[PDB]
Amino acid sequence: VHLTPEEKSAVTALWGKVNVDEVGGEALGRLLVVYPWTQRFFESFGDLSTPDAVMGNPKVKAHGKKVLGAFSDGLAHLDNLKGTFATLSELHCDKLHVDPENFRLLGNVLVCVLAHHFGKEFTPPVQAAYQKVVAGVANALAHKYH
Amino acid sequence: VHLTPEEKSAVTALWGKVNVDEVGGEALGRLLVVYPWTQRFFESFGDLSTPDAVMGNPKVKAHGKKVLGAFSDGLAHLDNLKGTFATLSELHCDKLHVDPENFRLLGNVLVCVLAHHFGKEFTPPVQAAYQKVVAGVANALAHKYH
Amino acid sequence: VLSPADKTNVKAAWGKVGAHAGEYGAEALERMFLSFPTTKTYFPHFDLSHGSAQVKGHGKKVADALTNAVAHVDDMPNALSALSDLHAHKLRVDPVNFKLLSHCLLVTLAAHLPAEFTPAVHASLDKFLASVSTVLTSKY
Amino acid sequence: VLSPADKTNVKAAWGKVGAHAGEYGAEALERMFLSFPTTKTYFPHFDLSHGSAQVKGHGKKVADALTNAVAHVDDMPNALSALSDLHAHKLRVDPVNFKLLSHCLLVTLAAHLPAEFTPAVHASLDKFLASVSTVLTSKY
Ligand code: HEM
Ligand code: HEM
Ligand code: HEM
Ligand code: HEM
């Protein structure tokens, strides 16, 4: 985004320690649990009746990994999240009808998952840099809405 | 911002009809009445106890004129709000300590005031152009916060 | 909360809306769609063209519900329960959108009631729409 | 609207915080100031530097009120009346900021209570902070 070389390094290095598989599945599951209305787009996934049911749902887990994957690829284009997510932005608008506010909710869930995971390592300054990243991503994804 | 050529004309045409002195006083007064918490910044202004006290306060009227005056200048530099508003942005942050959310509140009140004044002439699409404008100004004014 | 004065202000202003409530509801929706395009994601099944009958139809429904909240200003949570359930459990509209519609309803009223849309009334209507929004989102 | 499970979840989690609540209070503020620099506008009279005694002290203050609220989970409106007053009539913090502090508190708890920060506990804590925010801004 408007990341300082120092802030850039901090993001980049923590990320290299992330198991996208597990983080993606937990971020997406936590979202469905903490903000239950987000479940409106995943009725076809199955039983989301309980935290246990969501956290366990493999369709949820696999969707999470796909989301974090694309997210992960975007950290490589931090100077152009806009151009990196242009097609995905059109898709979420035009095909999926996803309110971009959801992009913000996920961002924040993501940050709680990273903290959960890295405890100590996820310092105030490291969170500040991540907050700038999730905001930039949400903004890029919302960019082609009309 | 993202103002189509035709949104910029609509913005400009209406603004030509506005009495900045009056709209300025009305918008500022209404803000202090609708969101009383915003009064925190004007305790030197005197009596703000009731709506008549606010709306008719000579200091509120004078201040509103100042604010809308700065805003009208912004409308002639729609291309560079950030540049236009930089010193003002710095001042609001560093000297005044005004939470930037106040700028969005003011923006919305202004739109209601324009609706109030122009009636039917404030069409849905004219409102959409002004919404983009007030957001831009609020964003430009928050750009130098740190 | 709504004070006695707020209540009088709302019944008075809404009183003037009268038979135009429906039309004003439709207009507030159209304003919202144009200014806050992200709100369209909730109406993928609607013809959102200018003068869409769906919008007109929808406008009336929203206006009838507001009229109903004014009529039961001392029992809103109960008068709107059903609607609260609907939004919480079926529509699942993200909370932030309520503030956008409110805002557009305020613009429409301002544009149509020049004489009644005083500062005091403006303040009362804003608190009123916030309360209706709170109720509708209470069961989320 | 906190369910019995939620109150249970909150009482448990907070239970583990114990003697560290003040420190978490302080760390949450520190994360807020760094992540959402606009929040600093409300503390121009504080030294916002890392490990500042003012922030530390304030962190304690915030923690204690949260503790008092867990203890009166059932009577929040009442246990926090004075705080509701202070914020509405004196401090006048814009309501959007309450969501920023709440978020930073979650992050803080996550980072320090790995085992206890389950998805269900996370959901409960979120609702609690939301409830607390509502109370604190109820007299605006
Ligand atoms: C970090 C932000 C996000 C990213 C990078 C992202 C990315 C993706 C990707 C790469 C796909 C694959 C679909 C395809 O290519 O055809 C997808 C699908 C989808 N996303 Fe997003 N997404 C994000 C946030 C969200 C959120 C927050 C929601 C809803 C709560 C959401 C709802 C969906 C849905 C419903 C689909 C379709 C899945 C299917 O076809 O079953 N997305 N997203
Ligand atoms: C459209 C957004 C705004 C613009 C263009 C604007 C512009 C200005 C200008 C030109 C001044 C005088 C600068 C000086 O004293 O050197 C000023 C002062 C001030 N503004 Fe802003 N303003 C805006 C919004 C607001 C809002 C929403 C608030 C608070 C709710 C606010 C609070 C103040 C205060 C407290 C002062 C100083 C008053 C005094 O002289 O004691 N401004 N503003
Ligand atoms: C305080 C404001 C609101 C009021 C009074 C209101 C009221 C209503 C009513 C009366 C209905 C029709 C239910 C029925 O069929 O009996 C409805 C449906 C609906 N509302 Fe809400 N609503 C409000 C806010 C919103 C917002 C902000 C959105 C999204 C931006 C929204 C999205 C919907 C949708 C998608 C439907 C279903 C429409 C259909 O398919 O016919 N509502 N609302
Ligand atoms: C989680 C919700 C919050 C709680 C429980 C809370 C609690 C408190 C407490 C216990 C005090 C000290 C009262 C005293 O000195 O006797 C206080 C003061 C204060 N709070 Fe709130 N607060 C909350 C949210 C916020 C937020 C979001 C802000 C601003 C961004 C804020 C700004 C202030 C300020 C500026 C003071 C005065 C500090 C001083 O001058 O010492 N509070 N709050």
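Reminder, nothing fancy here: chain letters follow the sequence lines and each chain counts from 1. When reading the values below, keep in mind they use all heavy atoms of this one structure, side chains included, and skip hydrogens, waters and symmetry mates.
- In terms of the side chain to side chain donor-acceptor pair (under 3.5 Å) criterion, B:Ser44 has no residue partners (sequence neighbours excluded).
- Residues passing the ring-ring contact (aromatic ring centres under 6.0 Å, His included) test with B:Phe71 are B:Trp15, sequence neighbours excluded.
- Taking the side chain as every heavy atom from C-beta outward, B:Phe41 and B:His97 never approach each other to under 4.5 Å.
- Using a 4.5 Å cut-off on side-chain heavy atoms (C-beta onward), A:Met55 and A:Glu26 make contact.
- Applying the side chain to side chain contact (heavy atoms under 4.5 Å, CB included) test to B:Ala140 and every residue at least two apart in sequence or in another chain returns B:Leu81, B:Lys82, B:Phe85.
- Annotation: side chain to side chain donor-acceptor pair (under 3.5 Å) contacts of C:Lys99 (sequence neighbours excluded): none.
- Within 6.0 Å of atom NE2 in D:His50, 12 or fewer heavy atoms from other residues, nucleotides or ligands are found, so the atom counts as exposed in its surroundings.
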Please tabulate, for the side chains in residues 101-117 of chain D, all donor-acceptor contacts under 3.5 angstrom to protein atoms that are two or more places apart in sequence or on a different chain.
from, atom 1, to, atom 2, distance (Å)
D:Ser102, OG, D:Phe98, O, 2.9
D:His103, NE2, A:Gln131, OE1, 2.6
D:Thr108, OG1, D:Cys104, O, 2.7
D:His112, NE2, D:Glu27, OE1, 2.5
D:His112, NE2, D:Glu27, OE2, 3.3

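- Take B:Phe42 and apply the ring-ring contact (aromatic ring centres under 6.0 Å, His included) test, not counting sequence neighbours, and it matches B:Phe45, B:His63.
- Judged as a ring-ring contact (aromatic ring centres under 6.0 Å, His included), and not counting sequence neighbours, the contacts of D:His20 are D:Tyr24.
- Not a single side chain to side chain donor-acceptor pair (under 3.5 Å) links A:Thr12 to another residue, sequence neighbours left out.
- Relative orientation of the A:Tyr130 and A:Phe122 rings is tilted, given thresholds of 30° and 60° on the angle between their planes.
- The shortest side-chain heavy-atom distance between D:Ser81 and D:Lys139 falls under the 4.5 Å cut-off.
- Residues passing the salt bridge (charged side-chain N to carboxylate O under 4.0 Å, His left out) test with D:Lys40, sequence neighbours excluded: none.
- Listed by first then second residue, pairs satisfying side-chain hydrogen bond (donor to acceptor under 3.5 Å, both in side chains) with a partner in residues 63-74 of chain D read D:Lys7-D:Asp74, D:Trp14-D:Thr67, D:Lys60-D:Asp64, D:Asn68-D:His72, not counting sequence neighbours.
- Residues satisfying the ring-ring contact (aromatic ring centres under 6.0 Å, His included) criterion with A:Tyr35, sequence neighbours excluded, are A:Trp37.
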For residues 112-119 of chain A, which side-chain N or O atoms pair as donor and acceptor with protein atoms under 3.5 Å away, sequence neighbours left out?
none

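- To the nearest 0.5 Å, atom CG of residue B:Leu32 and atom CG of residue B:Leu105 are 11.0 Å apart.
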